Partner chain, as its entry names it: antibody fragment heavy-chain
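As a starting point, one isolated chain is supplied in C-alpha cells, in the form solved without its partner chain.
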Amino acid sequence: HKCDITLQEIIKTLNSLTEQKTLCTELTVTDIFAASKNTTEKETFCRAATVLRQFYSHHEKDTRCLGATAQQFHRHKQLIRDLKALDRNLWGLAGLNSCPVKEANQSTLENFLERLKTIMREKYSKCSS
C-alpha cells in the first residue's frame, strides 16, 4: 500500500507539472507545508489533495488563466488535466477526505508543486533500496 506504484504516478505527473508554465502558476494555494510538521502521512496527502482541488476548481474557468492564444489555452487545459490526475492519485493515497487545513501562508502553485515533488520523491527513495 505505502510503497505502491501510485507514488510513481504522482511523481510522473509532478515532473510534468513543474516544467509547465502558464498564466496562473503564480496564483496561490494554502501552504500546507508551512506547518510545524504535525500530521500523519494520509493527513498530509489529504491536505495536499484538498488545496489542489480548491485551485483547479477555482481556476479552470478563470478569465485570467484561460488564455488568448491556442498555445496558452492548450497549456491551461493541460495544467488543469494534470492537477486533476495528481489530485485523484493523492485522494487514492490519502484514504481520507476530511482534513482541515489551517495555514495562513499562501505560496504560489509553482512553489507548492515543487515542494510536494520533493516530499514524494523522498517517500519513493525511502521505499526502494
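Numbering follows the first chain given and starts at 1.
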Comparing mean C-alpha B factor in the record for 72-80 and 37-45, the higher one is 37-45
Mean B factor on CA atoms, stretches 16-24 and 108-116, record says higher is 16-24
Top Cα B-factor in this entry, restricted to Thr50, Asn89, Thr30, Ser98, sits on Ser98
Of the three thirds of the chain ranked by Cα temperature factor, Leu93 occupies the highest
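There is another form of this protein, the form solved in complex with its partner chain, and it is not shown here; the text below is about that form.
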Checked 60-77 against its partner chain in the deposited bound form; residues with a heavy atom within 4.5 Å, sequence order, are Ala70, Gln71, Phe73, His74, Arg75, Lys77
